[PDB]
Structures are given as structure tokens and as C-alpha cells.
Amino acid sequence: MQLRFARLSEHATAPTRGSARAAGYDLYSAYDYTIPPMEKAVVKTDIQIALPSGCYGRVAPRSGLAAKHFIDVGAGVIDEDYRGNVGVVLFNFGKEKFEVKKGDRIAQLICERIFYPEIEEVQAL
């Protein structure tokens, strides 16, 4: 039932959630990145996570980066069994480069509840 994580390097920061009813934990960059205009980057967090059973982890955008700096998050579907280093794919749609520094919050991680259905083909629904 808890979200567990481990730091893969000392550059990682433990994810935080200030409000008890916020949808997501903050994810912090482990490194500095410069993302030119209309360009993408995979920002490494250097953490691995073990999500609660019954959800996947969605890497979702922070609201202020989106509205103020035209930053979006691509990809974003972390499967329940993924134990690698969590990467945030950021898209910079703004006309200026966007700087990430180590320790900056750059996305949030949401435990999205889903079904894992078996699939069946039929002739017509």
C-alpha cells in the first residue's frame, strides 16, 4: 500500500508531497539540463520506485511549468513492475531554452488506478 523508492545515486532527492490530498509526489531532477526551444530531454531522477498494487505510475506535468514556461511531459506510463531509474521526458515548447538544475521539481508521479484485463477477440461487438 505504500509507495517505496530507493536512491540510485547521491544526486537523487526523495520525492515529496506537501499536501495530504495532492494527486502526485514531486519528482526532482538529479542533474542540470538545458533544453533548447522545441526540444525534448530525458531528465534522470536517479530513483527507482515500487508502486502499490493496482496502479501504474503516471509521470504528469507540474501546472506552473506548463502555464508559465510551456513545458510538457511526454511518455509518462511507468509500468507497475518497472524497477529501473525513473526518467522524465520533458518537452520544451517555449521559444526560449529551459534550464533544469539538480534539485528542481520537474514533474509529479501519480498512482493511477487501472484494471489489468485479459483480452478476448470476438467477431463483432
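Numbers for residues come from their place in the sequence shown, where the first is 1. Each form is matched to the other, and the largest set of C-alpha atoms that superpose within 1.5 Å is called the rigid core.
Greater root mean square CA deviation, 15 to 23 compared with 109 to 117 in 6 other deposited structures of this protein, core aligned: Between the two stretches, 15 to 23 moves farther in 6 other deposited structures of this protein.
Selected stretch [higher average CA B-factor]: 78 to 86 or 27 to 35: Higher of the two, by average CA B-factor, is 78 to 86.
Mean temperature factor over C-alpha atoms, higher-scoring stretch between 10 to 18 and 101 to 109: Mean CA B-factor is higher for 10 to 18.
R62, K44, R58, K68, ranked by C-alpha B-factor: the highest one: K68 has the highest C-alpha B-factor of those listed.
For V73, return the chain-relative third of its C-alpha B-factor as stated in the PDB record: lowest, middle or highest. Lowest third.
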